[PDB]
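First up is the structure itself, then whatever we jot down about it.
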Amino acid sequence: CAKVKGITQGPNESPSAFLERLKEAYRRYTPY
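For the sequence shown, the positions run 1 to 32 when PDB author numbering is used.
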């Protein structure tokens with residue numbers, strides 16, 4: 001299905017916007 005991929009990766013950013021709040025915290029206490 002072409003027109004219904006909204007948003008695919010993350011599923012409406014549902015893991016990604018929580019995992020980005022975790023990655024700015026983990027980069028405050030680990031320098032890459």
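Even for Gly, the Cβ is constructed at its ideal location relative to N, Cα and C.
Which residues mark the beginning and the end of the alpha helix (DSSP H) in which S16 is found? Counting from 1 along the sequence shown, the entry for residue 16 is found at position 16. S16 to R28 is the span of the alpha helix (DSSP H), which, as asked, contains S16.
Nearest-angstrom Cα separation, counted from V4 out to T30: For the purposes of this step, residue 30 is taken as the residue at position 30 of the sequence shown. For the purposes of this step, residue 4 is taken as the residue at position 4 of the sequence shown. The alpha-carbon atoms of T30 and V4 are separated by roughly 38 Å.
When you compare only the Cα positions, how much space is there between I7 and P15? Within the sequence shown, numbered from 1, the residue matching residue 7 stands at position 7. Within the sequence shown, numbered from 1, the residue matching residue 15 stands at position 15. Roughly 12 Å separates the two Cα atoms.
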